[PDB]
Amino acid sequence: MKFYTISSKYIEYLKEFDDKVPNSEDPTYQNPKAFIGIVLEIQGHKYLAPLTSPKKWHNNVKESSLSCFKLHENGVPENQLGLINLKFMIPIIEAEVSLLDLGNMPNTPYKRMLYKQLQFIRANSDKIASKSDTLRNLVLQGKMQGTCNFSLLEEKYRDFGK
């Protein structure tokens, strides 16, 4: 899995169909919204999930949760690093998506954080993919709500270029 950004035009397009699709741009944002690198690939779709910074309510999400996967530094639990918001993952088109170029990125603190995140994500990549798969299954079955409408998004997204 890897860090991506997604183009606004694409986000705005999907937002037409489901407003739960994550916000991509904001003046308050110090860096572009980052997503995680192919969390589910099924039925010919590729999903990315948005990362989000710590908020108070996160304290109540249990490891067993399908909506959220909490991030923290390997071996250092008190260093919370936000969470992957699986319930707002979205199918993507490769041309509307773009890997962060960490190699050319200046050595800021944010970069350091990205690397504490990556190491944790990588060590848990399977857990993450498995939660994504079960999340979407439950949503197809009508067993879970308050997530992006995966069927609807899956239905319109390849029409973006039109």
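From 1 onward, residues are counted along the sequence shown.
Taking the mean C-alpha B-factor of each stretch as recorded, 122-130 and 23-31 are not equal, and the higher mean is that of 23-31. Here 111-119 and 52-60 are compared by their mean Cα B-factor, and 52-60 comes out higher. When all modelled residues of the chain are sorted by CA temperature factor, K143 is found within the lowest third. In the deposited entry, the Cα temperature factor of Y13 places it in the middle third of its chain's modelled residues.
Among the modelled residues of its chain, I36 has a C-alpha B-factor that falls in the lowest third, as given in the PDB entry. Sort the modelled residues of the chain by CA B factor and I42 lands in the middle third. When the CA B factors of the chain's modelled residues are split into thirds, the value for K162 lands in the highest one.
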